[PDB]
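Heads up, model-v7.txt below (compact mmCIF, C-alpha atoms and all ligand atoms):
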```
# COMPACT_ATOMS: atom_id res chain seq x y z
CA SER A 1 103.02 115.91 38.56
CA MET A 2 100.65 113.36 37.00
CA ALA A 3 101.21 112.34 33.37
CA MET A 4 102.18 109.31 31.24
CA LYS A 5 104.91 106.67 31.69
CA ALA A 6 106.97 106.29 28.48
CA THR A 7 109.05 103.25 27.49
CA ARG A 8 111.17 102.84 24.35
CA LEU A 9 110.75 99.34 22.90
CA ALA A 10 113.42 96.97 21.49
CA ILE A 11 113.29 99.14 18.37
CA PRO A 12 113.97 102.43 20.25
CA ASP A 13 111.86 104.73 18.05
CA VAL A 14 108.75 102.72 19.00
CA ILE A 15 107.36 103.96 22.32
CA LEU A 16 104.88 102.39 24.76
CA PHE A 17 102.76 104.84 26.77
CA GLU A 18 100.80 104.19 30.01
CA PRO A 19 98.38 106.81 31.41
CA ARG A 20 97.28 107.54 34.98
CA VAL A 21 93.53 107.03 35.56
CA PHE A 22 91.99 109.10 38.40
CA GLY A 23 88.95 107.52 40.15
CA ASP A 24 86.19 109.31 42.10
CA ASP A 25 82.56 108.50 42.94
CA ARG A 26 81.25 109.67 39.53
CA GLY A 27 83.63 107.24 37.74
CA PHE A 28 87.04 108.11 36.20
CA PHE A 29 89.02 110.66 34.15
CA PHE A 30 92.29 110.48 32.20
CA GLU A 31 94.33 112.43 29.64
CA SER A 32 94.48 110.15 26.57
CA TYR A 33 96.89 112.62 24.86
CA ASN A 34 99.05 115.58 25.92
CA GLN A 35 101.20 117.32 23.31
CA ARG A 36 103.74 118.60 25.89
CA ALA A 37 104.44 115.12 27.24
CA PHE A 38 104.29 113.47 23.81
CA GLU A 39 106.78 115.84 22.12
CA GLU A 40 109.04 115.60 25.21
CA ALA A 41 109.21 111.78 24.99
CA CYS A 42 109.26 111.92 21.18
CA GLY A 43 112.02 114.57 21.05
CA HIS A 44 110.46 116.42 18.10
CA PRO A 45 107.24 118.19 17.00
CA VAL A 46 104.17 116.40 15.61
CA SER A 47 100.79 117.42 14.22
CA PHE A 48 97.97 114.88 13.87
CA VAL A 49 95.55 115.65 11.04
CA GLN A 50 93.14 112.67 11.17
CA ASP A 51 91.62 110.30 13.80
CA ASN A 52 90.27 106.83 12.96
CA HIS A 53 87.98 104.34 14.77
CA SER A 54 87.37 100.66 13.84
CA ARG A 55 85.55 97.66 15.38
CA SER A 56 86.57 94.05 14.72
CA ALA A 57 85.47 90.55 15.87
CA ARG A 58 87.67 87.93 17.54
CA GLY A 59 90.41 86.61 15.25
CA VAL A 60 90.27 89.52 12.79
CA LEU A 61 93.71 90.67 11.65
CA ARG A 62 94.29 94.06 9.94
CA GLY A 63 97.76 94.59 8.39
CA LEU A 64 100.55 94.83 7.59
CA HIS A 65 99.92 98.36 6.30
CA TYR A 66 101.87 101.51 5.37
CA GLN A 67 101.74 104.45 2.92
CA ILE A 68 104.95 104.74 0.86
CA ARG A 69 104.15 108.40 0.17
CA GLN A 70 102.21 110.66 2.51
CA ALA A 71 103.62 108.27 5.14
CA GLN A 72 101.66 108.25 8.42
CA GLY A 73 103.17 108.29 11.91
CA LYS A 74 100.55 106.66 14.20
CA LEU A 75 99.57 106.91 17.89
CA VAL A 76 97.27 103.92 18.68
CA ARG A 77 95.14 102.44 21.54
CA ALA A 78 92.14 100.16 22.31
CA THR A 79 88.96 101.44 24.07
CA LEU A 80 86.99 98.15 23.92
CA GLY A 81 88.63 94.70 24.22
CA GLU A 82 92.25 93.57 23.65
CA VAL A 83 94.58 93.36 20.62
CA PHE A 84 98.18 92.31 19.92
CA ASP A 85 99.68 95.36 18.18
CA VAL A 86 102.73 95.05 15.90
CA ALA A 87 105.22 97.48 14.31
CA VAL A 88 107.67 96.33 11.60
CA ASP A 89 110.77 98.41 10.74
CA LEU A 90 110.80 98.93 6.93
CA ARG A 91 113.69 101.48 6.83
CA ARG A 92 116.38 99.81 4.66
CA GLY A 93 119.13 101.90 6.29
CA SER A 94 118.06 101.22 9.90
CA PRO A 95 120.12 98.64 11.81
CA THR A 96 116.81 97.04 12.91
CA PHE A 97 115.50 96.69 9.32
CA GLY A 98 113.25 93.62 9.06
CA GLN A 99 112.68 93.49 12.83
CA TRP A 100 109.38 93.97 14.67
CA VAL A 101 107.91 94.71 18.12
CA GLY A 102 104.57 93.68 19.64
CA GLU A 103 102.56 94.56 22.76
CA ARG A 104 99.10 93.76 24.16
CA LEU A 105 96.90 96.89 24.26
CA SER A 106 93.45 96.82 25.95
CA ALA A 107 90.50 98.86 27.22
CA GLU A 108 91.65 97.87 30.70
CA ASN A 109 95.43 98.54 30.57
CA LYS A 110 94.92 101.69 28.44
CA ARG A 111 98.43 101.39 26.94
CA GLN A 112 99.30 103.12 23.64
CA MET A 113 101.99 102.71 20.95
CA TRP A 114 103.70 105.44 18.90
CA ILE A 115 104.74 104.16 15.45
CA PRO A 116 106.81 106.62 13.38
CA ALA A 117 106.72 106.91 9.59
CA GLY A 118 108.92 104.16 8.10
CA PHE A 119 107.08 101.22 9.69
CA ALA A 120 104.38 98.71 8.74
CA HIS A 121 101.59 98.26 11.32
CA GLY A 122 99.11 95.49 12.13
CA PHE A 123 96.93 94.11 14.92
CA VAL A 124 94.88 90.99 15.75
CA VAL A 125 91.77 90.77 18.00
CA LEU A 126 92.03 88.50 21.08
CA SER A 127 88.66 89.21 22.79
CA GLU A 128 85.03 88.72 21.58
CA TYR A 129 85.25 92.22 20.04
CA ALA A 130 87.79 95.09 20.02
CA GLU A 131 87.51 98.83 19.15
CA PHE A 132 90.76 100.38 18.01
CA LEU A 133 91.45 104.14 17.73
CA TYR A 134 94.44 106.00 16.30
CA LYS A 135 95.72 109.46 15.29
CA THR A 136 97.83 109.95 12.09
CA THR A 137 100.33 112.56 10.86
CA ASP A 138 98.98 112.62 7.26
CA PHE A 139 95.75 111.97 5.35
CA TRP A 140 94.39 108.77 3.82
CA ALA A 141 95.81 108.21 0.30
CA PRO A 142 94.70 104.87 -1.28
CA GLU A 143 97.03 105.26 -4.29
CA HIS A 144 99.99 105.13 -1.88
CA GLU A 145 98.72 102.21 0.29
CA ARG A 146 100.93 99.09 0.46
CA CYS A 147 100.67 95.77 2.32
CA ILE A 148 102.94 92.96 3.49
CA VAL A 149 101.30 89.60 4.24
CA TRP A 150 100.78 88.89 7.97
CA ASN A 151 102.47 85.45 7.98
CA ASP A 152 105.62 86.35 6.00
CA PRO A 153 108.32 83.73 6.75
CA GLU A 154 111.25 86.21 6.85
CA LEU A 155 109.49 88.46 9.39
CA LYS A 156 108.36 85.48 11.54
CA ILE A 157 105.94 87.45 13.75
CA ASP A 158 104.86 85.55 16.88
CA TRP A 159 101.10 86.15 16.69
CA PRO A 160 99.29 84.80 19.78
CA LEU A 161 96.52 83.34 17.63
CA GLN A 162 94.47 80.15 17.93
CA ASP A 163 92.49 79.85 14.68
CA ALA A 164 93.19 81.16 11.18
CA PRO A 165 92.55 84.94 11.06
CA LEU A 166 89.75 86.72 9.16
CA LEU A 167 91.26 89.13 6.63
CA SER A 168 90.20 91.58 3.94
CA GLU A 169 90.94 90.26 0.45
CA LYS A 170 93.66 92.90 -0.07
CA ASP A 171 95.32 91.72 3.18
CA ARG A 172 95.13 88.06 2.11
CA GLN A 173 96.78 89.21 -1.15
CA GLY A 174 99.62 91.07 0.68
CA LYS A 175 103.16 91.09 -0.74
CA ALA A 176 106.07 89.00 0.52
CA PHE A 177 108.59 91.12 2.45
CA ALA A 178 111.26 90.28 -0.17
CA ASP A 179 109.09 91.83 -2.92
CA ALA A 180 107.82 94.83 -0.90
CA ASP A 181 108.39 98.57 -1.41
CA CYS A 182 110.46 99.78 1.54
CA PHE A 183 111.64 103.12 2.95
CA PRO A 184 115.20 104.48 2.72
CA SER B 1 83.28 111.66 -1.63
CA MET B 2 82.61 110.23 1.84
CA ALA B 3 83.02 112.53 4.86
CA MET B 4 80.99 114.16 7.66
CA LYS B 5 77.62 115.96 7.61
CA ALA B 6 77.86 119.35 9.37
CA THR B 7 74.97 121.32 10.88
CA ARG B 8 75.13 124.73 12.57
CA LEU B 9 72.92 124.78 15.68
CA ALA B 10 70.55 127.55 16.91
CA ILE B 11 73.68 129.31 18.13
CA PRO B 12 75.45 129.22 14.72
CA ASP B 13 79.03 128.83 15.99
CA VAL B 14 78.06 125.52 17.61
CA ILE B 15 78.25 122.71 15.04
CA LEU B 16 76.83 119.17 15.06
CA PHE B 17 78.83 116.57 13.12
CA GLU B 18 77.67 113.14 11.85
CA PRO B 19 80.16 110.62 10.39
CA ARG B 20 79.73 107.88 7.80
CA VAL B 21 80.40 104.36 9.15
CA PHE B 22 81.54 101.77 6.56
CA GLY B 23 80.59 98.13 7.33
CA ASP B 24 82.29 94.95 6.05
CA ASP B 25 82.55 91.36 7.31
CA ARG B 26 85.39 92.18 9.77
CA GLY B 27 83.23 94.89 11.43
CA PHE B 28 83.37 98.66 10.73
CA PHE B 29 85.64 101.68 10.10
CA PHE B 30 85.11 105.45 10.32
CA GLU B 31 87.06 108.71 10.38
CA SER B 32 86.33 110.24 13.81
CA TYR B 33 88.25 113.43 12.80
CA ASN B 34 89.54 114.98 9.57
CA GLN B 35 91.30 118.35 9.72
CA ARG B 36 90.43 119.25 6.09
CA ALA B 37 86.70 118.77 6.64
CA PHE B 38 86.75 120.30 10.13
CA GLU B 39 88.55 123.53 9.13
CA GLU B 40 86.29 123.77 6.04
CA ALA B 41 83.09 123.64 8.16
CA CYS B 42 84.74 125.72 10.90
CA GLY B 43 86.04 128.38 8.47
CA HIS B 44 89.35 128.82 10.33
CA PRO B 45 92.44 126.87 11.52
CA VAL B 46 92.59 124.84 14.74
CA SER B 47 95.21 122.83 16.60
CA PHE B 48 94.22 120.39 19.35
CA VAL B 49 96.87 119.93 22.04
CA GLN B 50 95.17 117.53 24.49
CA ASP B 51 92.65 114.61 24.40
CA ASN B 52 90.55 113.57 27.41
CA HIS B 53 88.54 110.43 28.32
CA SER B 54 86.03 110.04 31.20
CA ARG B 55 83.53 107.39 32.39
CA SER B 56 80.39 108.23 34.38
CA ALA B 57 77.38 106.33 35.82
CA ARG B 58 73.71 107.04 35.07
CA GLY B 59 72.55 110.43 36.36
CA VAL B 60 76.04 111.90 36.72
CA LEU B 61 76.25 115.53 35.56
CA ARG B 62 79.59 117.26 34.81
CA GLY B 63 79.42 121.06 34.27
CA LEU B 64 78.96 123.86 33.61
CA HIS B 65 82.68 124.37 32.96
CA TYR B 66 85.01 126.83 31.19
CA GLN B 67 88.53 128.31 31.51
CA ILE B 68 88.47 132.13 31.59
CA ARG B 69 92.11 132.20 30.49
CA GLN B 70 93.76 129.55 28.34
CA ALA B 71 90.18 129.11 27.07
CA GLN B 72 89.53 125.71 25.43
CA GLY B 73 87.60 125.14 22.20
CA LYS B 74 86.24 121.55 22.42
CA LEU B 75 85.31 118.80 19.93
CA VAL B 76 83.29 116.14 21.86
CA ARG B 77 81.64 112.68 21.38
CA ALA B 78 80.48 109.52 23.23
CA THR B 79 81.98 106.04 22.53
CA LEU B 80 79.97 104.12 25.18
CA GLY B 81 76.36 105.00 26.12
CA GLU B 82 74.35 108.23 25.67
CA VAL B 83 74.57 111.78 27.10
CA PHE B 84 72.69 115.08 26.71
CA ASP B 85 75.42 117.57 25.79
CA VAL B 86 75.00 121.31 26.42
CA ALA B 87 76.81 124.50 25.31
CA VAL B 88 76.06 127.88 26.94
CA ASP B 89 77.06 131.16 25.22
CA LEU B 90 79.03 133.26 27.77
CA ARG B 91 80.20 136.00 25.33
CA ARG B 92 78.70 139.24 26.74
CA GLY B 93 78.82 140.91 23.31
CA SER B 94 77.17 138.03 21.41
CA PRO B 95 73.48 138.49 20.52
CA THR B 96 72.88 134.95 21.89
CA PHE B 97 74.51 135.72 25.28
CA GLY B 98 72.83 133.65 28.01
CA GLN B 99 71.39 131.16 25.50
CA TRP B 100 72.22 127.45 25.21
CA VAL B 101 71.97 124.46 22.85
CA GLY B 102 71.68 120.74 23.61
CA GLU B 103 71.87 117.48 21.64
CA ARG B 104 71.87 113.74 22.42
CA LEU B 105 75.25 112.16 21.58
CA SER B 106 75.72 108.35 21.76
CA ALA B 107 77.98 105.40 20.92
CA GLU B 108 75.33 104.43 18.39
CA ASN B 109 74.60 107.75 16.60
CA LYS B 110 78.29 108.76 16.73
CA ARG B 111 77.40 112.48 16.57
CA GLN B 112 79.88 115.14 17.76
CA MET B 113 79.67 118.79 18.91
CA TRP B 114 82.19 121.59 18.28
CA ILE B 115 82.14 124.16 21.12
CA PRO B 116 84.31 127.26 20.52
CA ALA B 117 86.12 129.22 23.22
CA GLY B 118 83.63 131.58 24.89
CA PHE B 119 81.16 128.89 26.02
CA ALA B 120 80.40 126.86 29.14
CA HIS B 121 79.97 123.10 28.59
CA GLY B 122 78.19 120.30 30.47
CA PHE B 123 76.67 116.85 30.00
CA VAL B 124 74.44 114.37 31.87
CA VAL B 125 74.45 110.54 31.56
CA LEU B 126 71.20 108.89 30.37
CA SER B 127 72.30 105.22 30.08
CA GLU B 128 73.67 102.76 32.72
CA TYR B 129 77.17 104.12 31.92
CA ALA B 130 78.69 106.56 29.38
CA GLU B 131 82.29 107.16 28.16
CA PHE B 132 82.90 110.66 26.87
CA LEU B 133 85.93 111.76 24.81
CA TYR B 134 87.01 115.23 23.67
CA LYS B 135 89.88 117.20 22.08
CA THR B 136 90.84 120.71 23.34
CA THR B 137 92.64 123.73 21.87
CA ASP B 138 94.63 124.51 25.06
CA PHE B 139 96.01 122.73 28.14
CA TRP B 140 94.42 122.08 31.53
CA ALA B 141 94.86 125.08 33.87
CA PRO B 142 93.09 124.65 37.27
CA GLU B 143 93.82 128.25 38.36
CA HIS B 144 91.67 129.44 35.43
CA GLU B 145 88.79 126.93 35.88
CA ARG B 146 85.31 128.39 36.51
CA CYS B 147 81.84 126.84 36.99
CA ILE B 148 78.20 127.86 36.69
CA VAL B 149 75.65 125.73 38.58
CA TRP B 150 73.72 123.25 36.38
CA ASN B 151 70.22 124.31 37.51
CA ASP B 152 70.66 128.12 37.24
CA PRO B 153 67.19 129.72 36.97
CA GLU B 154 68.19 132.39 34.40
CA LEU B 155 69.68 129.79 32.02
CA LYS B 156 66.71 127.40 32.46
CA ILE B 157 68.33 124.39 30.75
CA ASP B 158 65.84 121.63 29.86
CA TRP B 159 67.77 118.62 31.21
CA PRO B 160 66.03 115.32 30.35
CA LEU B 161 66.65 113.98 33.85
CA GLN B 162 64.57 111.77 36.15
CA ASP B 163 66.35 111.80 39.53
CA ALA B 164 68.62 114.38 41.16
CA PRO B 165 72.07 114.29 39.51
CA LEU B 166 75.34 113.11 41.11
CA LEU B 167 77.86 115.97 41.11
CA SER B 168 81.39 116.74 42.24
CA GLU B 169 81.43 119.09 45.24
CA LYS B 170 82.90 121.92 43.13
CA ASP B 171 80.00 121.48 40.66
CA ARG B 172 77.41 121.51 43.47
CA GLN B 173 79.12 124.74 44.62
CA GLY B 174 78.92 126.35 41.13
CA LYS B 175 78.25 130.09 40.74
CA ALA B 176 74.95 131.66 39.73
CA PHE B 177 75.05 132.98 36.15
CA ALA B 178 74.46 136.52 37.47
CA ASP B 179 77.65 136.32 39.57
CA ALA B 180 79.81 134.48 36.99
CA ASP B 181 82.96 135.61 35.16
CA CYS B 182 82.05 135.91 31.48
CA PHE B 183 83.87 136.49 28.18
CA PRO B 184 83.84 139.75 26.19
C1 LIG C 201 92.26 103.71 6.14
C2 LIG C 201 90.97 104.41 5.79
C3 LIG C 201 89.88 103.69 5.30
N1 LIG C 201 88.74 104.31 4.98
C4 LIG C 201 87.60 103.50 4.47
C5 LIG C 201 87.84 102.74 3.17
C6 LIG C 201 87.05 101.46 3.34
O1 LIG C 201 85.71 101.61 2.83
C7 LIG C 201 87.02 101.25 4.85
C8 LIG C 201 88.04 100.23 5.34
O2 LIG C 201 89.28 100.42 4.66
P1 LIG C 201 90.53 99.47 4.99
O3 LIG C 201 91.81 100.00 4.19
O4 LIG C 201 90.04 97.98 4.72
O5 LIG C 201 90.71 99.71 6.58
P2 LIG C 201 91.79 98.96 7.52
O6 LIG C 201 91.33 99.13 9.04
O7 LIG C 201 92.04 97.51 6.93
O8 LIG C 201 93.11 99.87 7.29
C9 LIG C 201 93.89 100.41 8.36
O9 LIG C 201 94.56 99.36 9.02
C10 LIG C 201 95.42 99.74 10.11
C11 LIG C 201 95.99 98.45 10.70
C12 LIG C 201 96.52 100.67 9.61
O10 LIG C 201 97.37 101.17 10.67
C13 LIG C 201 95.87 101.86 8.93
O11 LIG C 201 96.88 102.72 8.38
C14 LIG C 201 94.93 101.40 7.82
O12 LIG C 201 95.71 100.80 6.78
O13 LIG C 201 87.31 102.50 5.46
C15 LIG C 201 88.62 105.66 5.18
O14 LIG C 201 87.49 106.31 4.89
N2 LIG C 201 89.65 106.36 5.67
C16 LIG C 201 90.82 105.77 5.97
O15 LIG C 201 91.81 106.50 6.46
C1 LIG C 202 89.98 118.54 33.34
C2 LIG C 202 91.17 117.71 33.76
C3 LIG C 202 91.15 116.99 34.95
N1 LIG C 202 92.21 116.25 35.32
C4 LIG C 202 92.13 115.49 36.58
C5 LIG C 202 91.94 116.30 37.87
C6 LIG C 202 91.07 115.41 38.73
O1 LIG C 202 91.88 114.57 39.57
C7 LIG C 202 90.30 114.56 37.73
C8 LIG C 202 88.87 115.06 37.49
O2 LIG C 202 88.87 116.48 37.40
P1 LIG C 202 87.49 117.27 37.15
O3 LIG C 202 87.80 118.82 36.94
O4 LIG C 202 86.52 116.85 38.34
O5 LIG C 202 86.98 116.60 35.76
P2 LIG C 202 85.58 116.94 35.02
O6 LIG C 202 85.28 115.76 33.99
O7 LIG C 202 84.52 117.32 36.13
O8 LIG C 202 85.98 118.26 34.18
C9 LIG C 202 85.73 118.41 32.78
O9 LIG C 202 84.33 118.52 32.58
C10 LIG C 202 83.90 118.70 31.21
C11 LIG C 202 82.38 118.73 31.22
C12 LIG C 202 84.50 119.98 30.64
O10 LIG C 202 84.19 120.19 29.25
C13 LIG C 202 86.01 119.92 30.78
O11 LIG C 202 86.59 121.14 30.33
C14 LIG C 202 86.41 119.67 32.24
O12 LIG C 202 86.04 120.81 33.02
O13 LIG C 202 91.00 114.62 36.49
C15 LIG C 202 93.31 116.18 34.50
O14 LIG C 202 94.38 115.45 34.83
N2 LIG C 202 93.33 116.87 33.35
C16 LIG C 202 92.30 117.62 32.96
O15 LIG C 202 92.36 118.28 31.81
```

Reformat the file's structure so that it appears as structure tokens.
Ligand SMILES: Cc1cn([C@H]2C[C@H](O)[C@@H](COP(=O)(O)OP(=O)(O)O[C@H]3O[C@@H](C)[C@H](O)[C@@H](O)[C@H]3O)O2)c(=O)[nH]c1=O
Ligand SMILES: Cc1cn([C@H]2C[C@H](O)[C@@H](COP(=O)(O)OP(=O)(O)O[C@H]3O[C@@H](C)[C@H](O)[C@@H](O)[C@H]3O)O2)c(=O)[nH]c1=O
Amino acid sequence: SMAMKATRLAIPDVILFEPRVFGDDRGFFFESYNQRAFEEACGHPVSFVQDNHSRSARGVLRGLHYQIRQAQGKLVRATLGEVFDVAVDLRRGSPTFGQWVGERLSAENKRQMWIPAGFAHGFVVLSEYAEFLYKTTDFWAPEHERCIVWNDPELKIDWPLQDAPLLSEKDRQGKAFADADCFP
Amino acid sequence: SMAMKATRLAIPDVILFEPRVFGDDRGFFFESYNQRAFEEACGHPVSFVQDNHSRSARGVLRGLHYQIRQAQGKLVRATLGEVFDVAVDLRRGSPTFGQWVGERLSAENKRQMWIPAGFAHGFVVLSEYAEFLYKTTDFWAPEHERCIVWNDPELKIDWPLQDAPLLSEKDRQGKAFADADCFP
């Protein structure tokens, strides 16, 4: 059968997916999501209630974001360009608390990352432009939104960046990891 | 509140959606799906179990497709280029049986179409290339796949096409509407 390669990252609950793309003389076709395969690799049920689509110029960084209530599990990919995509483990009781994982996702490699509730998430744009799409397990709730600053010295994330990133003001004003609201 | 304009088409159960795109100096962001708004405009619950992504060159036509068992309701859009997107009512007992609706969907207008189970669906590519994404209420089942030929004379679909379309062989070999398996 044809489906989707699944790899658990250094932080096992983070999973990297890679789809099969079928070519023919009209162009191509692939399954960007399949609930049977996803729940099989995930090991538990999931419902996605919202899909999001953003476009960002080279050097833009969005993160590090989470919702401390109505927490959102996220399945993410890029359909134009390339990003470096990061997950940070904010579960105090996890043995990988304060650790992070990062992978390059692009329109061309078509790779995806599953990021469970309990994590902060961010990405930075490496190409001229990038369009970034993702599905979430709960709805947008601004009152519950939190942020950790991208260049926190305790987290020490190895961003593959050349120039200083462009950020929203609320991302520039992100909290230090030591002062941040974390999960159990 | 910010959300998604909804319009019922000439065949009322077909719905055209139009999202709000928020610009800022990083680029843009929009909600491509929201279950609260969708089920509110739809008037009933829906679960999507599979997402699909295809790329096609100018003049390619894919259709007219349905699954007679494990029938798939479809929510569709384009993220690169422009297509003419068509829904045909195949419910024998509907007063709009044998009728169709069509709209232009593009990367730029970001409009979407909801096509319930009971309909055939097709599109044709109007730009150099088009990438077409959609979410479905059931899984792929080849044994149940059926096709009606794009240029059926009873259906008389007004394709905005210049040259003869490029088709898969199984689409070139599609059934006449008069000989096709239909829904109740
Ligand atoms: C997150 C979100 C924003 N918006 C609107 C509010 C703003 O006007 C505009 C941009 O909001 P921002 O919070 O600046 O978007 P953003 O792209 O900086 O935020 C996102 O970043 C990702 C890295 C995270 O994984 C997401 O969970 C989310 O935090 O979009 C929605 O309508 N729905 C949403 O779900
Ligand atoms: C439809 C489908 C195809 N495939 C594979 C089988 C083939 O190798 C390749 C292309 O198959 P095709 O049937 O030629 O794809 P297609 O793009 O011609 O078919 C699609 O057309 C849309 C207009 C309809 O709304 C869809 O319901 C579907 O019928 O993709 C999947 O893996 N999963 C799927 O769900």

With 8 Å as the limit and counting all atoms listed in the file, what residues in chain B lie close to chain A? Please list them as a PDB file with C-alpha atoms, in the coordinates of the input.
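This went into iface.pdb:
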```
ATOM      1  CA  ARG B  26      85.390  92.180   9.770  1.00  0.00           C
ATOM      2  CA  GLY B  27      83.230  94.890  11.430  1.00  0.00           C
ATOM      3  CA  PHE B  28      83.370  98.660  10.730  1.00  0.00           C
ATOM      4  CA  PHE B  29      85.640 101.680  10.100  1.00  0.00           C
ATOM      5  CA  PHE B  30      85.110 105.450  10.320  1.00  0.00           C
ATOM      6  CA  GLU B  31      87.060 108.710  10.380  1.00  0.00           C
ATOM      7  CA  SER B  32      86.330 110.240  13.810  1.00  0.00           C
ATOM      8  CA  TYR B  33      88.250 113.430  12.800  1.00  0.00           C
ATOM      9  CA  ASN B  34      89.540 114.980   9.570  1.00  0.00           C
ATOM     10  CA  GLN B  35      91.300 118.350   9.720  1.00  0.00           C
ATOM     11  CA  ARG B  36      90.430 119.250   6.090  1.00  0.00           C
ATOM     12  CA  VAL B  49      96.870 119.930  22.040  1.00  0.00           C
ATOM     13  CA  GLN B  50      95.170 117.530  24.490  1.00  0.00           C
ATOM     14  CA  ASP B  51      92.650 114.610  24.400  1.00  0.00           C
ATOM     15  CA  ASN B  52      90.550 113.570  27.410  1.00  0.00           C
ATOM     16  CA  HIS B  53      88.540 110.430  28.320  1.00  0.00           C
ATOM     17  CA  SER B  54      86.030 110.040  31.200  1.00  0.00           C
ATOM     18  CA  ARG B  55      83.530 107.390  32.390  1.00  0.00           C
ATOM     19  CA  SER B  56      80.390 108.230  34.380  1.00  0.00           C
ATOM     20  CA  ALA B  57      77.380 106.330  35.820  1.00  0.00           C
ATOM     21  CA  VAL B  60      76.040 111.900  36.720  1.00  0.00           C
ATOM     22  CA  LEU B 166      75.340 113.110  41.110  1.00  0.00           C
ATOM     23  CA  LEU B 167      77.860 115.970  41.110  1.00  0.00           C
ATOM     24  CA  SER B 168      81.390 116.740  42.240  1.00  0.00           C
TER      25      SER B 168
END
```

Enumerate, in order of chain and increasing residue number, the residues of chain A with an atom no farther than 6 Å from ligand LIG 201 (chain C), each with its shortest atom pair and distance in Å to one decimal, counting all atoms listed in the file, as CSV.
```
residue,atom,partner,partner_atom,distance
A:62,CA,C:LIG201,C11,4.8
A:63,CA,C:LIG201,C11,4.8
A:65,CA,C:LIG201,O12,4.9
A:66,CA,C:LIG201,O11,6.0
A:121,CA,C:LIG201,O10,5.2
A:122,CA,C:LIG201,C11,4.5
A:140,CA,C:LIG201,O15,4.3
```

Residues from last step as file, C-alpha atoms, as a tab-separated table (two decimals), in the coordinates of the input:
```tsv
chain	number	residue	atom	x	y	z
A	62	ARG	CA	94.29	94.06	9.94
A	63	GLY	CA	97.76	94.59	8.39
A	65	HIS	CA	99.92	98.36	6.30
A	66	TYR	CA	101.87	101.51	5.37
A	121	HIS	CA	101.59	98.26	11.32
A	122	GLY	CA	99.11	95.49	12.13
A	140	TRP	CA	94.39	108.77	3.82
```

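Taking all atoms listed in the file into account, residue 7 (chain B) lies nearest to B:113 out of the set B:182, B:71, B:113, B:120.
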
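CA of residue 165 (chain A) is positioned 19.1 Å from CA of residue 106 (chain A).
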
Exercise: residue 9 (chain A) partners within 12 Å, only C-alpha atoms, chain neighbours under 2 positions left out, as a PyMOL selection string = chain A and resi 6-7+11-17+86-87+96+99-103+113-115

Kindly give the distance, in Å, that separates CA of residue 73 (chain A) and atom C16 of ligand LIG 202 (chain C), rounded to a single decimal.
-> 25.5 Å
